[PDB]
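Each ligand, and each atom within it, is numbered from 1 in the order the structure gives. Only this structure's heavy atoms are used, side chains among them; waters, hydrogens and symmetry mates stay out. To find a chain, count down the sequence lines: A is the first, B the second, and so on, and within it residues start at 1.
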There are 4 protein chains.
Amino acid sequence: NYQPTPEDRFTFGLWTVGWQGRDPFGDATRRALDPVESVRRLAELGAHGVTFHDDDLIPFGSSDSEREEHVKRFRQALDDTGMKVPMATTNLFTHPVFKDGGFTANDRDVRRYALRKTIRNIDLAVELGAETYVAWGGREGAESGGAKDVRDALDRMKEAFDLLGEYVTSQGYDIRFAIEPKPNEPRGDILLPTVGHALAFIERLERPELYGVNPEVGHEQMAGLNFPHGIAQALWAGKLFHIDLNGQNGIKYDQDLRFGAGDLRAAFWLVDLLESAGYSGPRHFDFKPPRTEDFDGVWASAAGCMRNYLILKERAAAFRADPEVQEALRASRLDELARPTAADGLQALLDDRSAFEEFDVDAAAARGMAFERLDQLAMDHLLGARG
Amino acid sequence: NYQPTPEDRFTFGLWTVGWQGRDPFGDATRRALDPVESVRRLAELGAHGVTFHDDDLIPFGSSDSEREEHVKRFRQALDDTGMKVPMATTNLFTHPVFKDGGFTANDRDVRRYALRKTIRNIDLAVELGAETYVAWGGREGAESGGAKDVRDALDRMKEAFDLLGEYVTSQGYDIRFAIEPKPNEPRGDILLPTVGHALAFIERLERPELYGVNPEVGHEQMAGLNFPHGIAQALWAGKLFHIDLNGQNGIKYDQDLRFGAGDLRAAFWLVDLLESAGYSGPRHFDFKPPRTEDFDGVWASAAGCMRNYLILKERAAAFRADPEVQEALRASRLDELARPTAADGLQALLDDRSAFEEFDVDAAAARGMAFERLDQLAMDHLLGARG
Amino acid sequence: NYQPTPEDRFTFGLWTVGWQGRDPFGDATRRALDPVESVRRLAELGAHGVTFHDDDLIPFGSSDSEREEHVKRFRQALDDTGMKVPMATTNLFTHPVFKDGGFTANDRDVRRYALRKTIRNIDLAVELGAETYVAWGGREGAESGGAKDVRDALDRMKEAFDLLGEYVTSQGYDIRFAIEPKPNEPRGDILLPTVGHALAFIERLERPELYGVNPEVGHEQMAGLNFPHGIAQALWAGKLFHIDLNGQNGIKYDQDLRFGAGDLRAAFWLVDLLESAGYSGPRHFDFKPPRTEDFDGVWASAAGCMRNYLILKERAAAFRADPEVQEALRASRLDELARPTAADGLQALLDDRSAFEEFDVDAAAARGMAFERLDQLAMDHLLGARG
Amino acid sequence: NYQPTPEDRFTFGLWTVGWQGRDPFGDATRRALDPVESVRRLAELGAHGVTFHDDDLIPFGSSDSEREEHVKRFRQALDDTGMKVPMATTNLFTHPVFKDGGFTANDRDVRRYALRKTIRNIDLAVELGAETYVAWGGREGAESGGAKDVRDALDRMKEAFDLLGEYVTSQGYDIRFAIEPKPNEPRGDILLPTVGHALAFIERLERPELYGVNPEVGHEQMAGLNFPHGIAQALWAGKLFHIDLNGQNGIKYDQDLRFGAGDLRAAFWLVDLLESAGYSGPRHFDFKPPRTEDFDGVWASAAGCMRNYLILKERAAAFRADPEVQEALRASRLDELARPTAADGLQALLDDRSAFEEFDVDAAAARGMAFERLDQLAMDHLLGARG
Ligand SMILES: OC[C@H]1O[C@H](O)[C@H](O)[C@@H](O)[C@@H]1O
Ligand SMILES: OC[C@H]1O[C@H](O)[C@H](O)[C@@H](O)[C@@H]1O
Ligand SMILES: OC[C@H]1O[C@H](O)[C@H](O)[C@@H](O)[C@@H]1O
Ligand SMILES: OC[C@H]1O[C@H](O)[C@H](O)[C@@H](O)[C@@H]1O
Ligand SMILES: [Mg+2]
Ligand SMILES: [Mg+2]
Ligand SMILES: [Mg+2]
Ligand SMILES: [Mg+2]
Ligand SMILES: [Mg+2]
Ligand SMILES: [Mg+2]
Ligand SMILES: [Mg+2]
Ligand SMILES: [Mg+2]
């Protein structure tokens with residue numbers, strides 16, 4: 001039951017199942033995974049593809065020769081399995097040189113290095129067939145107010161993304177960029193902290209059509225925000241290029257639990273939205289198997305990611321297909337929300353006495369919205385207490 | 001010491017000092033204030049002007065005749081005192097008819113009523129000299145996932161703001177709009193929950209140049225965000241039309257404490273930013289004197305708002321003027337952050353071996369940022385432990 | 001399906017279904033309910049009983065004669081229906097006289113009034129058959145640091161509860177007290193803000209055996225705490241006298257959603273714990289039907305409270321009864337957690353070389369905990385994707 | 001100005017200035033410090049003493065011979081400088097064997113190992129003169145609901161602490177235990193998550209007089225709680241054995257900023273409380289110099305910890321000594337809060353018609369508390385805008 005297949009478009013970062021379990025207070029609990037073994041094990045589980053940071057695949061500081069041998073091994077595993085590489089990204093956060101950022105480091109020579117490191121991996125990603133290149137500015141930010149002039153930092157961030165856009169267009173690459181927001185951790189505050197801030201920033205770039213967002217469930221929830229609402233605004237703007245699925249229990253450190261864990265009802269409304277809006281991009285899991293687990297637990301946790309998506313998809317489809325739910329949606333006037341407020345125009349609205357002078361405000365106020373009955377039907381469907 | 005005068009541009013909402021103290025669990029503790037008395041008392045304290053919701057000035061449901069008598073009394077108090085009215089707004093949240101929203105209510109007849117109520121007060125605001133018209137969509141949102149299709153709701157929100165822009169341009173009014181974000185309360189989640197989401201939404205309106213943001217200190221802090229950082233992004237985008245100053249102690253209900261209370265160091269960095277960027281709009285206080293206070297406490301709390309701004313302005317100016325702080329800023333390379341990363345261009349950057357092939361990553365990584373010394377100089381200046 | 005009956009011990013406050021919908025930013029959306037009608041409607045829904053504040057039943061300031069007529073009407077409705085009154089409480093938060101608290105008001109005459117108001121309602125509660133008397137100190141606290149000496153306030157709080165204990169013991173009443181914690185709202189910070197703080201305070205009272213806690217789901221979640229964990233500590237201490245069930249979406253204002261809404265997985269683990277520990281007290285719902293709803297929505301929301309408890313009870317029972325889950329619990333060594341660490345004693349432990357000198361730390365470290373497989377079985381059971 | 005000396009009782013953990021800067025997303029940015037160099041550098045800065053985990057001083061897995069050489073080097077540095085060791089603790093969180101906890105690991109052999117590792121370091125701590133032994137149960141907890149039966153885990157936690165108490169009493173040691181709470185990180189939820197929960201747990205131990213709390217500023221603030229209020233309850237109970245001073249910006253990952261950073265006004269009210277209550281224990285800094293800093297920044301950050309305490313102490317003393325503040329405290333009736341509510345007794349209170357029957361509730365309700373004027377005097381004193 002609920003068996004994933006490649007058509008479900010489930011993808012995983014190499015750094016997810018490969019997380020060794022080292023956290024701020026503890027050493028690694030698992031040995032390092034060979035990327036070739038991860039490709040083969042994920043293929044057997046029914047995954048569609050994998051993603052990577054440059055430093056996940058090529059150990060930092062590798063010579064041009066060692067680099068080639070790592071890529072060839074990886075490519076052969078992809079060719080044997082038919083696994084895809086739909087997305088790639090750069091590690092601009094682990095090495096100590098990035099301790100004050102990559103694109104917005106105060107030191108200019110670090111900013112130039114960060115751009116050259118990124119451009120090198122764009123070339124590789126395009127070769128492997130990636131359609132989306134993700135940027136997570138995890139070190140862009142500050143712990144103290146005087147350390148970063150944020151207006152200058154946004155100038156430097158815009159400069160960097162404009163140069164990347166000039167690079168891909170000059171090379172004729174068919175790849176787009178997605179900014180992944182996070183409000184904090186590892187910096188005290190991170191620049192572009194939410195989906196909203198990232199969407200607003202994109203509109204000031206020279207070629208906005210090349211950039212979208214890669215929202216992550218847990219990151220918006222670290223600010224206490226409604227993740228389905230934020231995804232809806234991204235879809236409304238035409239900017240949902242990619243998505244990171246996982247779980248998070250409220251406002252605390254970034255947990256990266258398996259998808260379905262954390263806020264389960266938010267996961268249900270998210271899947272309802274993605275499916276009903278026809279999102280066609282990868283369903284990418286950015287999660288960490290807890291460091292309590294051995295390698296059997298790693299693959300159990302990865303399998304649970306896909307299983308929970310498929311269960312929620314079934315329940316959301318049954319919710320929307322139920323005639324009693326359709327009746328409830330009409331009782332709550334969800335259909336009237338789709339009607340234009342004033343397609344008759346401004347002047348007609350101003351001359352309409354039923355819109356103000358003769359509007360019966362008390363009769364309208366007395367109408368119940370019937371939202372609680374609708375939400376209990378949604379709860380019944382999620383829990384399988386009806387079909 | 002620290003005496004406010006009208007040139008300091010301090011303004012107050014009628015609903016602030018006039019808050020009667022009724023909260024979700026308690027009845028009012030103060031009698032209602034006559035708006036004329038508030039104008040005169042605020043003028044004596046050194047305020048520059050006042051702001052209002054329509055329903056603060058004209059009791060809801062007033063006839064056209066009673067409406068005129070309320071406005072004339074108010075105008076005469078303004079004329080006697082020289083007090084200005086730089087901003088006005090609509091109450092689309094108190095009356096039960098708005099229980100599911102104004103512009104994004106599911107019921108279409110409510111949405112049309114909300115627009116007509118708003119347009120009526122724009123006319124009045126322009127007559128009184130307001131330059132900014134604020135919209136706080138406090139009822140736009142939901143408690144449950146099925147109650148609101150957020151994509152349709154954003155269509156309805158865009159429709160409403162586009163119609164308001166068509167109205168002001170057809171009337172030839174010199175007034176601009178500012179959206180005030182809030183993440184939650186009184187709805188479970190509110191649409192456009194942060195400065196970022198509001199900035200992104202503005203870019204999809206038909207005439208974006210007419211719209212900016214009115215961020216409030218406490219509202220961004222209800223999402224755990226850095227308020228100075230968010231203000232910096234608004235300034236970077238050219239969209240800081242107005243601002244609401246108050247205090248908030250972390251992630252909880254909207255406290256609306258007097259400015260300076262709450263996160264004191266964030267208040268310092270905010271004033272540093274506003275003054276150094278040359279913000280020239282009103283310094284508006286959206287605060288509630290706690291319901292523990294009598295009327296003497298109301299005016300003490302209002303006076304403290306202005307006093308704390310003036311103290312922080314002095315400390316921030318002394319911080320920036322100190323040669324030792326200027327030296328510390330250079331030691332932390334704040335000046336290098338202002339330099340373009342690659343004004344030599346993409347091709348020069350790609351051919352620069354010092355940017356990658358011969359970049360000494362370990363030497364760069366070993367440089368300390370000296371951020372802690374800089375921040376302790378900032379602390380010393382805030383506390384007056386140096387000048 | 002999932003029909004509640006009186007044996008399920010579901011109870012409701014008069015103030016829950018009777019909430020008129022007035023919130024900090026809006027007027028009431030529903031008319032006031034007659035307490036007699038609430039008793040009859042709740043009886044028809046299958047509820048076991050009702051609870052009340054004094055001021056819910058007797059309008060504040062009622063003469064001794066009017067008081068009697070309100071009580072007689074209420075008693076007759078209870079007698080007609082067989083409905084029970086298992087708990088009562090005092091309103092020490094609505095009237096402006098309590099704006100700085102009841103038991104810990106700075107003014108001594110207010111503290112004496114608060115005790116006399118409480119004692120009067122204890123007499124009534126005992127007459128009606130209440131077994132638990134709840135105290136929620138919603139106004140005990142402060143917005144600013146200098147307003148309240150917290151050590152003196154705790155002296156005054158201990159004094160008040162000791163006097164109440166002396167009163168009930170001198171009257172020979174068979175009633176116990178339960179303190180209901182809340183971290184904030186309506187005060188900036190409330191004294192005894194969590195279950196832990198309340199449990200610790202009880203141990204300093206003169207007769208600790210008379211006092212326990214009444215934890216509320218949403219209140220502990222307003223501090224980001226794990227509500228099942230806190231309930232477990234209360235059960236471990238023998239102090240879970242009563243419980244308030246509802247829902248809350250994270251760290252924000254007190255939402256009081258219907259039970260099952262909010263954190264659904266926390267609701268599942270809560271019901272699992274209550275049932276497996278054999279909690280025998282009332283399942284009391286302290287919730288507010290959203291002000292979007294008319295009276296049909298009020299009773300739908302109340303019915304959903306009980307329905308969701310009954311569904312979760314079924315799923316938790318099926319989880320614990322599943323042989324595959326029992327196997328998983330053994331694989332994760334939940335049974336070894338029940339074994340004493342050192343029943344052989346301190347000296348035996350010190351002389352045991354297998355406990356340190358010859359302990360194979362690397363072999364033990366390599367054991368996986370198999371927690372993810374167990375949690376996915378729990379998810380499958382919650383969602384009805386197995387039985 | 002504000003020069004620390006040993007009489008100020010400032011202490012530092014070896015792990016604080018010695019933090020190498022490795023965080024969940026990045027490698028170390030600083031080389032390891034020799035504990036002997038830390039002792040000498042801290043002595044030169046004016047510190048009173050140092051603290052340590054066992055594994056800070058003796059590398060894990062050291063032979064009995066290597067162990068002796070590490071201790072002798074350390075002791076000689078203490079003897080040369082006169083530096084004290086007032087507190088020690090155990091590392092039960094870094095090694096992978098503790099991935100599910102120490103005292104509450106599901107595996108019984110791990111729990112026995114954790115006790116033997118702790119007991120070994122108690123012996124060493126007593127030899128070096130420690131008066132307090134701290135326990136931070138950082139791995140005691142869970143990421144998922146089924147992984148930990150919390151009632152059994154509390155049984156195991158009580159068993160462990162009872163055995164430690166039996167050990168110290170059988171050895172005749174003059175050392176007490178302090179539990180350090182934290183709500184989360186690195187586990188999803190940690191057992192005993194706040195000061196309140198820890199105080200309540202202590203009361204169920206066999207010898208409660210041996211145990212107190214070691215609260216940390218940032219940890220209580222990770223739950224959004226008022227740290228001065230929690231310290232006040234700990235002092236009221238007689239249980240403040242030790243304290244961890246640092247800074248934290250709201251609800252997020254554990255930042256461990258230098259003291260004074262984070263919530264500056266909470267730091268002021270904390271110092272006011274500690275000094276006015278006559279706390280005589282160490283002022284211990286548990287902080288991490290940000291990984292942006294080199295070694296000069298490490299010692300600047302450590303110096304700032306002590307400087308900020310000394311500045312706040314001066315401002316709080318001036319606040320309390322100001323006759324205008326004393327007048328304000330009387331106007332807010334802080335002195336009436338110290339008066340017993342009913343020293344005349346229960347029967348006198350019941351027969352007092354002025355306490356209820358003839359209490360003028362409206363006159364009492366009309367009294368303002370004058371809290372805002374008092375708080376602005378506190379703000380003026382903190383900022384040095386009066387003396
Ligand atoms: O940007 C790709 C990934 O980089 C880092 O691993 C982040 O922790 C993760 O959130 C992000 O998705
Ligand atoms: O929009 C004007 C004002 O309206 C309401 O009173 C809001 O509570 C306040 O935040 C806002 O500034
Ligand atoms: O104490 C009884 C009740 O009093 C108030 O209505 C509180 O809001 C509620 O939480 C509590 O349960
Ligand atoms: O218990 C001693 C110390 O141990 C760990 O380093 C904790 O992170 C710190 O909070 C605690 O004070
Ligand atoms: Mg994450
Ligand atoms: Mg991610
Ligand atoms: Mg506000
Ligand atoms: Mg505002
Ligand atoms: Mg509540
Ligand atoms: Mg309650
Ligand atoms: Mg800490
Ligand atoms: Mg600590």
Legend entry - Note: C:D23-B:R139 ion pair, threshold 4.0 Å (strictly below): yes
Inset, instruction - Would you mind checking if C:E185 and B:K252 are paired as a salt bridge, meaning a charged N to carboxylate O distance below 4.0 Å? - result: no
Inset, instruction - Measure the acute angle between the ring planes of B:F201 and B:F161, then classify it against the limits of 30° and 60° as parallel, tilted or perpendicular. - result: perpendicular
Inset, instruction - Compare every heavy atom of A:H197 with every heavy atom of A:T194, then report the nearest pair and how far apart it is. - result: OG1-ND1, 2.8 Å
Legend entry - the Mg ion (ligand 9): protein N, O or S atoms that are less than 2.8 Å away, sorted by chain: C:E216 OE2, C:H219 NE2, C:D254 OD1, C:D254 OD2, C:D256 OD1
Inset, instruction - Please confirm whether C:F259 and C:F287 have ring centers closer than 6.0 angstrom. - result: no
Inset, instruction - May I ask you to check whether B:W136 and B:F93 place their ring centres under 6.0 Å from each other? - result: yes
Legend entry - Name of the B:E180 atom (N/O/S only) found closest to the Mg ion (ligand 8): OE2
